[PDB]
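For reference, the structure is listed below as structure tokens.
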Amino acid sequence: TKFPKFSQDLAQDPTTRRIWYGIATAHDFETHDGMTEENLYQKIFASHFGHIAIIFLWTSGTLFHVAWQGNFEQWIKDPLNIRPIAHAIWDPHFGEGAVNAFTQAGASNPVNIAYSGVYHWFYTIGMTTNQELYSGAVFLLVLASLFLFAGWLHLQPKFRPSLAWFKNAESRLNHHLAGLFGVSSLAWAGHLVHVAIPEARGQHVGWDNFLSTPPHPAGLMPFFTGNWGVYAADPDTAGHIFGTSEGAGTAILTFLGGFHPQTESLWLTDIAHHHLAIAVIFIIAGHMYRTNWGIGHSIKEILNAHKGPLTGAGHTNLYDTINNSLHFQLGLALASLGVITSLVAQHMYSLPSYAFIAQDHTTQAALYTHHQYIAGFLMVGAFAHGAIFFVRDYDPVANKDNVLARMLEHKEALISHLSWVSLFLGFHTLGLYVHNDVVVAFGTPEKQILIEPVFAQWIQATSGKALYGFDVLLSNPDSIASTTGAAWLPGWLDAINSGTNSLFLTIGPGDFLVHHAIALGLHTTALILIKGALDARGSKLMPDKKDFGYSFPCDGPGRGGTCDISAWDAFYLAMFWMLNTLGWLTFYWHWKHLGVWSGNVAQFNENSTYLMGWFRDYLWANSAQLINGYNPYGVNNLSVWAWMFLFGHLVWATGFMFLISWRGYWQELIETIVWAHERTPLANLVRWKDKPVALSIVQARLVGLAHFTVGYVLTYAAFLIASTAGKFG
Amino acid sequence: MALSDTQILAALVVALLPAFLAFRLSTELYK
Amino acid sequence: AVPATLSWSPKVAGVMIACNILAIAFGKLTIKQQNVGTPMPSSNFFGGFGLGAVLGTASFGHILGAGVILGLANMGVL
Amino acid sequence: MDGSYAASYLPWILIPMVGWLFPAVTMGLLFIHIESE
Amino acid sequence: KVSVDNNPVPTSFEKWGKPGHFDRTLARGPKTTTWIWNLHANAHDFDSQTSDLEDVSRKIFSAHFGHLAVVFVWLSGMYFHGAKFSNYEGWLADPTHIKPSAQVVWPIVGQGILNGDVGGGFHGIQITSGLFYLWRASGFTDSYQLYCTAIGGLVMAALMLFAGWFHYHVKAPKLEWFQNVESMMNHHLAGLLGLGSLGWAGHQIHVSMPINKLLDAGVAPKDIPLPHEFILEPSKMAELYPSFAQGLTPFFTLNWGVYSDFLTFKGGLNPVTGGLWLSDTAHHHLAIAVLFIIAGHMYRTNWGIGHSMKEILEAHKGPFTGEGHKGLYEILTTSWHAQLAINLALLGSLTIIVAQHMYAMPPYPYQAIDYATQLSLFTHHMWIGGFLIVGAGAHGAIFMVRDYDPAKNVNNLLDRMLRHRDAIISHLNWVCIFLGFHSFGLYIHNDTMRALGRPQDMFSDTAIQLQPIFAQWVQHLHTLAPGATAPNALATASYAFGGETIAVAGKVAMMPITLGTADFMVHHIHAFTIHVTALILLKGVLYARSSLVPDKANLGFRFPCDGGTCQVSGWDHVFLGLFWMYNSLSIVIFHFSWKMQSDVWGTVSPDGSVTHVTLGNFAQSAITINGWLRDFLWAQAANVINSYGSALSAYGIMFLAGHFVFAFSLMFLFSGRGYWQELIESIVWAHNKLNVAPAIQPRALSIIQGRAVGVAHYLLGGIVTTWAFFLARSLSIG
Amino acid sequence: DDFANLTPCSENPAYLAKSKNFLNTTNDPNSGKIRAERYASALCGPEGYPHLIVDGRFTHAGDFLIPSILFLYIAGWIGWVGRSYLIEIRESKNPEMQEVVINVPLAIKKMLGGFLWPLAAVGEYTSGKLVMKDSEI
Amino acid sequence: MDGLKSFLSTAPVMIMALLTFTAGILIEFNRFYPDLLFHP
Ligand code: CLA
Ligand SMILES: CC1=C(/C=C/C(C)=C\C=C\C(C)=C\C=C\C=C(C)\C=C\C=C(C)/C=C/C2=C(C)C(=O)CCC2(C)C)C(C)(C)CCC1
Ligand SMILES: CC1=C(/C=C/C(C)=C/C=C/C(C)=C/C=C/C=C(C)/C=C/C=C(C)/C=C/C2=C(C)CCCC2(C)C)C(C)(C)CCC1
Ligand SMILES: [Cl-]
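Protein chains in written order, with the deposited numbering: chain B, 3 to 731; chain M, 1 to 31; chain K, 7 to 84; chain I, 1 to 37; chain A, 13 to 559, 561 to 576, 581 to 751; chain F, 2 to 138; chain J, 1 to 40.
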């Protein structure tokens, strides 16, 4: 009736479907009745202010609970032995055993151990007291308030931006490149130079004295005189003790490379010069597009000029296509953010920046797994909204014969070749694993097919790793690349050849097989997503798929052949492969590091070449402590993870019910329940307002996928944390 | 040193500001 | 220990014959289709029974006789 | 289940509110609004 | 009575090279790959191939002959490999130190490692079928006897094939012959079951008992007289059993007491072998034979005497059931599916009873102490029974769609059942919900309490107790029965109920299986899963014809959807029932495996103390889900996952093989044909581009087949996983 | 020295210890000994198992190149003859029936002529009989 | 005869015959020349 107000059709639905679909379409503003393009952008703009405020509030909570209930001040005095505390536990359901078990990390009350790495982050950037953490938390509350007010303000009549304002691509790129990226990076370099670096050298710098405490004794005169070399002289010595003046230098900008010997993290002076350098580039990059002064580039002119004889119209009219389609823009943003998020995961574990975090193995595992899963979700979303663009926004006439239109032209070639490579990888990668399993099973492990990852090893050699003896480029002292006199080379070569870190881990046949398994997952997930996007507008089975929508009901009479072919169904299928691919790579990352951390790299090297090795040495072996979190003899600090481990297993299985069964069985079952209610004395008096009905076909798949995904994530998270935490503190 | 009781209570009072503003923004978005 | 059984004697014969007579009388009064199928050479002496009724009552009689003889022997009454 | 942290009485108040009153008020308001008109 | 038609079907190979001949649509040849799948799916759906009941019956009768030939060939193999590729003779001379083996692999690509040392210098795969124990009980002593049995089986297989061909292509019985159910019951009660049990009783008395008595006395197998020597020289029998001196006179004079030396009621188990006394089994089969033969003269065939099954059915009607049982005789004499539905339900239930009774009353010598054989036999026959019961639901639904005529069933029990079907399912729905909450909820309760460090709040023997007092009471009565309610029985029917511990070769054969809180909880889990499985299948039968989706009978037993109305067909309920049957039976066999290892099986010290396989951890661990995960699955899976490089490595391989097939099935269960058809279009384009497109157009699997494929691979993967898990574990504990 | 992390099997201490206990994979009592001698020429890791090099160097052509050539010849043979049979039956009245009931005399003819498939494939490609024009489908 | 010949020419018989023949070649080659991991 009333709810949903944005859909009269849904509001008139007399069944419980009204409630479910009202929630699932709440944020699809484009489909709301009476929605206009100008009001669409303004509503999105205000919603974005809300999301930013939530992020600041979330960050404020992290700071507040650490300062209030954590052990930050105790932790900084012994980072390698004290376990950081996330927040206190107040659970009246706890028994005597649980209270003692969770009274840990030196606390006087039950607490949870933090694995987010915030302790290492806060300490590295110069925070040393609970008061400073408290000040930051309060500051973020005010900052969150400002954006909440801004969202409300820019929804008022006089302050609503015009549609042309939202379409000014050139101005936004200039501002966000130079200002949002460049100035922010420059400002962060300022914090590092004026606060973080002095704190690492035992010098207190805060708001009370930063004005009277020059970051460098030479002042700013060298900067304006061109004598920039002064800021790099006298760097921190290899014997520097982080947080103290012992062995500390005076340089504020360096290019040492490698890791700080004690903290096993990147030099802060290098990080400062890094963020200063990219700030200059970003600021320059932000002057490329013309806004109001004639100079600069027109993006429309650039796109319409890049066309050749092999791609027809080339990039013609793509400025209008992208600028007028929010789904195209969202797809590009998600795809770019997805790639960057994986880059963060890949380069943070190998090139850690936070002091002592390389020795917090559970935190490293949690962070890599966390951001890789986020990357996987972003990549799926990018293709999902790419498919939505084709269904809703793509205009064949405007994009006639351009690169976009030609992608739809050779879609059969694209899909067929993607099918082949997936089959090509799957047949032979699985075959080699099974070959090794059988020969090892028959007591002949010497008959395994063990392929040396020569190409990857060669790349490591080009960066200076001399283990493989390829003697190429940076691994070759006589190479022109090696004799350049680069400042970072001595530090970098030491780090890559130390063998005591995760920088270019040594790889072997085990790494070869799993990397090709990852390639199978990537290509297969892309195949499903790309097929959904390219076939979204129609196929031979359903030539008129475009005029039905991204997701459409396929349970109507005469629509038996319209099921499973919507672009939404491609997303649904791709989610399973995304989770599977992430499972393979996270298993790979964790098992390999377990050997590296414990020094027994031989286990992974020898047992990762057949699947029974993963089953036995990784899954079975590392579950022992987890499943003993609680047992007939008592409980320990892993009891919660053991309970969550079974909880994830249960939620995962519950998803099978929605994924396997179909609506018809449950609709008739509900009818019997409805029959019983209407005939039970004293109960038929109570009458429902919405007629109970079984879940729709699309809804059941979404619900089933939700239980599947939640159980998938929760199960591994408990195993990942408990197995690592149990082994290493 | 550890945070004082007044500091914890003071944070709660400050948190009423984003709470009130969040209510206004949500109501405005509902329109 | 084992239930007592009786070595054959005229007493055993009397019980078996008596049980057979009871089965014949019971069959004559309860069988619905008596003179159906193969007939007897002289049905006058068999109360109209056919071959099937004659064998059926006799078979039932032997079963009753075995149960009675074993039961009475078990209790020592015979 | 006590607490050495400052203002250790706050969880005794906030958690029941976040755990009992907030879901109760939320469910009541949403169900009434969803089942209105 | 006997009436046949001469040479109705010429014998010709012409139709062999014309696949799909049996169906008019398929006989025209393939246009798409769907034709290939339909050919195999509809091959043996005879009633859809011809509308004449007489023709359908003739195909069934000869088809059943073909199945018997297949079974005989399988039996012939078992005896042959026992005769030629086994260590039966070596094992027979030392059963307590040699493990049975009857399969030897060729040494190729290193698979010869599977020929493990089973003792006595023999190398081969250790068998868990219990064939050696059966053969020893049967009196087999040398390979030649097994070889002769193998040859006989092949001859019988040939005879069955000839009979099948003869009774279809030459002399096919008329419909009236098949519908003589009174005669069939008489012959198959008195003739098949009656004489079969009488004949076997004669075998045990004259062959099995004397040979086994000598074997149990320590006589070397080669020194034991051959079976016929006891008949040619009855004095040999008299020495072992003096009552044989009196001959058959006691039998005919009703002086049966003298035969008490070989027709016994000992009960319990043979101390030497740990199996049932063969004298008890002989009296058992003799008594059974008399009962079945008597039962087989009940129905009237040709001589007036006997009951009419139609008359019996029509007479049993009451005030609460209208016409009562009227009309059922017509259904059961005109619908093969109705008969198959009943027979599958009872035969499936019978197989489950076989598993339950055989483990607790081990009939074969040395079976009880071979834990691999005990676990294998129980698990195997549990699965067979479960599948057959699901079949009863399938063919019950098929009957409703195809053969049920409402006009011929007015106000009878079948018609009345369809009227209150909503009441049946609604109430069955509630009890399932009640059982689920109050059975699985207890485990969730215990998991939470133990995790929270509150053991005193759990449901356990050391905590809040749920004692199965009724089961405990029954066990007490059965323990007291010998001498009080079964005065002539010397020992209890099974030591599982109570009493002494039977130990053979230092291992426990059987001992009391005590029941506590953990047993109470799991037993009510079984009630929950069985009730739910019955709900799905019963709902399928009751709603096979009507609703939502009226006139469902028109669509048929197998239809994708109606017009959401997907998964409403009778077939779709079988699809869901299979998952729950798998879920139900998986817990049953897990319950059996853990309980026996924890509380029954183990080593017996010379003093008498028993050390169980898992040290009695069932009581405190089986009350939480974490306990099952940790103490049962994780702990006992160590054997299979560590099997690589040993003779058990094959189970390690199949353990991973099962996990793979289970995962592979999810591709079919979670997806639909629409996506795959579109994918095939792009692939077809590539084949067209190279002029290599097939004439038979590729098609995605039908909606029903996709579900059928998914469940088939799901069950295969899950069952194979457990199979490897059980065999590797049980072969490693003793 | 490339592959410094590896070592010849004949000089790898782990291989030497394990190679003396290689199991016999067939009924030949010396099969395990023969395998020990054969694999001695390969490169081994620390664990003593042979590793294969597929970067293209001809000193390890036997690792992947020679197996690769043999597979492609066999694979192309199978595909080419199957394609030839499929095309030919397409010219008959009932091509579908000849896909489920094979024309064995025709199939054998095609199969025995697959040893020249690389030449036949080149000839068809140049004569426009291998690839169909996009406008033709 | 013609019907039997056609039956032996059916797809399932033919593929099983080819697979059986192919399996025999591979098995027999490995029986005489086992453990070939690479071309010497
Ligand atoms: C372990 C589970 C599993 C496996 C093995 C596969 C395998 C496959 N999927 Mg599937 N999938 C799965 C789960 C799985 N899927 C799940 C849970 C979902 C979610 C619904 C999907 C959804 C999905 C989609 C949407 C797609 C795939 C695709 C693929 C293919 C990927 C390429 C490849 O590996 O080719 C190599 C092939 C294999 C590994 C298959 C197994 C080969 C066996 C081991 C050898 C042959 C055995 C032989 C026939 C004997 C038969 C048995 C007996 C009679 C003798 C392949 C057929 C893609 C595809 O079709 O690409 C072309 C595709 O589009 N899958
Ligand atoms: C006038 C003027 C000049 C003089 C400037 C002078 C004399 C001082 C300028 C000071 C400035 C511009 C300070 C800016 C500080 C910004 C901050 C502090 C922003 C923080 C933002 C966030 C989001 C923080 C988040 C977090 C918090 C709060 C935590 O506590 C934990 C970490 C993290 C989560 C990151 C010069 C001549 C130079 C140039 C021309 C203009
Ligand atoms: C469907 C669709 C869509 C979507 C899409 C997507 C989702 C995509 C993605 C994509 C991706 C995801 C991509 C990626 C890429 C990457 C790349 C391309 C890279 C490159 C790199 C480089 C080139 C590098 C280089 C280097 C090295 C390696 C070393 C050092 C040095 C240097 C730097 C030189 C859209 C929305 C458009 C719309 C339409 C439709
Ligand atoms: Cl537990």
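Note that beta-carbon positions come from the ideal geometry of N, C-alpha and C, so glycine has one too.
Give the residues whose C-beta lies closer than 7 Å to at least one heavy atom of ligand 4, in chain order. B:632, B:633, B:634, A:462, A:638, A:641, A:643, A:644 and A:647
Leaving out the 5 sequence neighbours to the left and right, which residues in its chain are closer than 8 Å to residue 199 of chain A when beta-carbon positions are compared? 308
Please look up how many angstroms separate the CB atoms of residue 454 of chain B and residue 53 of chain F, rounded, as I've assumed it's under 8 Å. 7 Å
Assign residue 14 of chain B to one of three DSSP states: helix, strand, or coil. coil
According to DSSP, residue 90 of chain B sits in a beta bridge with which residue or residues? B:113
Nearer than 8 Å: is that true of the beta carbon of residue 173 of chain B relative to any heavy atom of ligand 2? no
When you compare only the Cα positions, how much space is there between residue 612 of chain B and residue 460 of chain B? 25 Å
Terminal residues of the beta strand (DSSP E) in which residue 115 of chain A lies: 113–115
If we call anything under 9 Å between Cβ atoms a contact, is residue 366 of chain B one with residue 359 of chain B? yes
Cβ-based burial, residue 129 of chain A [other Cβ within 10 Å; buried from 16]: exposed
So, is the C-beta of residue 38 of chain J closer than 9 Å to a C-beta in chain F? yes
Throw me the rounded Cβ distance for the residue 355 of chain B and residue 273 of chain B pair, which I believe falls under 8 Å. 6 Å
By the criterion of Cβ-Cβ separation under 9 Å, what are the contact partners of residue 11 of chain F in chain J? Those do not exist, as residue 11 of chain F stays about 14 Å from chain J at its closest Cβ, beyond 9 Å.
What alpha helix (DSSP H) runs, 4 residues minimum, are completely inside the segment 467–532 of chain B? 491–500
heavy atom of ligand 1 below 8 Å from residue 672 of chain A C-beta: no
May I have the straight-line CA-CA distance separating residue 487 of chain B from residue 300 of chain B, to the nearest angstrom? 41 Å
On the DSSP letters alone, give me the boundaries of the alpha helix (DSSP H) that residue 17 of chain K sits inside. 16–36
Rounded to whole angstroms, how far is the Cβ of residue 111 of chain F from the Cβ of residue 74 of chain F, which I believe are closer than 8 Å? Actually they are not in contact, since the Cβ atoms of residue 111 of chain F and residue 74 of chain F sit about 17 Å apart, beyond 8 Å.
Chain-ordered chain B contacts of residue 14 of chain M [CB-CB under 9 Å]: 140, 143, 144 and 147
Tell me the residue span of the beta strand (DSSP E) that contains residue 522 of chain A. 519–522
Under three-state DSSP, which class holds residue 17 of chain J? helix
The beta strand (DSSP E) enclosing residue 628 of chain A, as first and last residue numbers: 627–629
In chain order, what are the residue ranges of uninterrupted alpha helix (DSSP H) at least 4 long that sit wholly in the segment 691–725 of chain B? none
Whole angstroms are fine: how far does the CA of residue 496 of chain A sit from the CA of residue 77 of chain K? 19 Å
Among B:229, B:703, B:624 and B:237, which residue has its Cα nearest to the Cα of residue 656 of chain B? B:703
Take residue 64 of chain K as the anchor and find which of K:24, K:84 and K:8 has the nearest alpha-carbon. K:24
How do the segment 718–733 of chain A and the segment 682–690 of chain A stand: do at least 3 beta-carbon pairs fall below 8 Å, yes or no? yes
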